[PDB]
Structures are given as structure tokens and as C-alpha cells.
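> Got a structure for you, questions after.
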Amino acid sequence: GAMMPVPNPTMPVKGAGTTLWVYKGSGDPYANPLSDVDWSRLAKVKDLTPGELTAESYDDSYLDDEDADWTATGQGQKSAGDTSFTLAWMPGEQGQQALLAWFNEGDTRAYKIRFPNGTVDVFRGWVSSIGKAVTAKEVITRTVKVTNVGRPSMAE
């Protein structure tokens with residue numbers, strides 16, 4: 001593309017407050033984290049791009065046979081499922097130390113972004129896209145993308 005400095009023209013209409021939140025601790029992590037008070041907002045997310053993983057992972061693939069007793073089970077640690085989302089920092093908001101610490105730490109994290117439909121998407125991994133923030137019209141903007149650790153680059 002062009003990789004221009006300024007942010008793209010297209011943008012979400014001002015109406016819904018889209019923002020991702022991060023939770024930690026223990027106990028019902030994905031089941032119902034809303035209960036615990038680990039809820040910690042990071043910042044406002046302009047948009048979210050739920051990319052694919054193209055991995056060998058899948059939902060519960062249980063299956064009985066001869067009345068087995070967990071003699072054999074399938075489970076892999078395939079790490080694939082990056083998440084590209086745009087961010088924005090307003091004059092008087094919070095999240096700077098969050099991002100800086102995120103990249104500075106270099107560790108995996110579990111966060112989720114709320115959709116305008118009233119639902120929520122849970123995604124994990126470590127942020128790989130963290131550098132400088134673009135300032136325009138007294139408004140800061142920066143595109144963050146979380147890339148997990150898996151296979152190397154494509155084959156030519």
C-alpha cells in the first residue's frame with residue numbers, strides 16, 4: 001500500500017463506545033469474568049479485524065468409543081490467531097502506560113473487545129505492533145496488532 005503517516009479517511013461513526021478490556025487473576029476466566037473485579041479497560045478501539053488462524057485447531061471434538069475412560073485425548077498448543085485493531089488516545093485519557101508496559105513486558109495477555117451488536121469477543125496473545133503514536137487535530141491515533149508465536153514467514 002502507501003503506509004501513509006496520517007490515519008485512513010474511513011472511520012466509525014460517533015455513536016457506540018467501542019473499547020477493549022483486559023482481565024486477570026483466577027476463577028471463571030472465560031466462563032463469566034464479568035463477576036470478578038479484574039475488569040481493566042485499556043483504551044478506545046476504533047475498529048477490530050478478527051483475522052483467521054488457518055491452524056489445525058477446532059472446537060470440542062469429543063467422541064466416545066467402547067466406553068473409553070480418557071485413555072486417549074487430542075489437544076495441541078497451536079498459537080495462531082492474531083488480532084488487528086486500531087487505537088486512539090484523546091487529550092486527557094488513560095492507556096499510555098498500558099501500551100508502553102505491554103510492549104515493554106513482552107508477555108502474553110488475554111483481552112476482549114465489545115461489539116456494537118451487544119456481544120463480546122475474547123482474544124489472547126502478546127502485542128507485537130507498538131511504537132510511536134500519530135498526533136492530529138489534538139487527537140492521538142495508533143494501529144495495534146497482536147501477533148502470537150507460531151510458524152515462520154511464508155515460503156517465498
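Identifiers in the C-alpha cells: chain A, B, ... in order shown; residue index from 1 per chain; ligand index from 1 in order shown.
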Which residues come within 12 Å of residue 74 of chain A, counting only C-alpha atoms, excluding same-chain residues fewer than 5 positions away, as a list in words?

residues 56, 57, 58, 59, 60, 61, 62 and 63 of chain A

> Skipping near chain neighbours, those fewer than 4 positions away, what residues fall within 8 Å of residue 94 of chain A using only C-alpha atoms, listed as a PyMOL selection string?

chain A and resi 42-43+89

> Go ahead and write the residues just picked, N, CA and C atoms, as a PDB file, in the first residue's frame.


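What ended up in again.pdb:
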ATOM      1  N   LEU A  42      -8.451  -0.756  28.679  1.00  0.00           N
ATOM      2  CA  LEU A  42      -7.169  -0.319  28.136  1.00  0.00           C
ATOM      3  C   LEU A  42      -7.315   1.013  27.405  1.00  0.00           C
ATOM      4  N   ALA A  43      -8.236   1.060  26.450  1.00  0.00           N
ATOM      5  CA  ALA A  43      -8.477   2.273  25.680  1.00  0.00           C
ATOM      6  C   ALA A  43      -9.607   2.072  24.675  1.00  0.00           C
ATOM      7  N   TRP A  89      -5.898   7.797  21.269  1.00  0.00           N
ATOM      8  CA  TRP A  89      -5.698   8.411  22.576  1.00  0.00           C
ATOM      9  C   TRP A  89      -6.115   9.877  22.561  1.00  0.00           C
TER      10      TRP A  89
END

> Which residues are near residue 151 of chain A? Cut-off 12 Å, only C-alpha atoms, ignore same chain within fewer than 4 positions. Put them as a ChimeraX atom specification.

/A:53-55,78-81,147,155

> Could you tell me, as a PyMOL selection string, which residues of chain A DSSP assigns to strand (DSSP E) when given the backbone?

chain A and resi 19-22+40-49+83-89+109-114+120-125+134-136+139-146

> For residue 33 of chain A, please output as a ChimeraX atom specification all residues within 9 Å (counting only C-alpha atoms; exclusion window: fewer than 5 positions along the same chain).

/A:23-24,27-28,38-39

> Using only C-alpha atoms, which of A:124, A:109, A:46, A:41 sits nearest residue 140 of chain A?

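Closest to residue 140 of chain A of all the choices is A:46.
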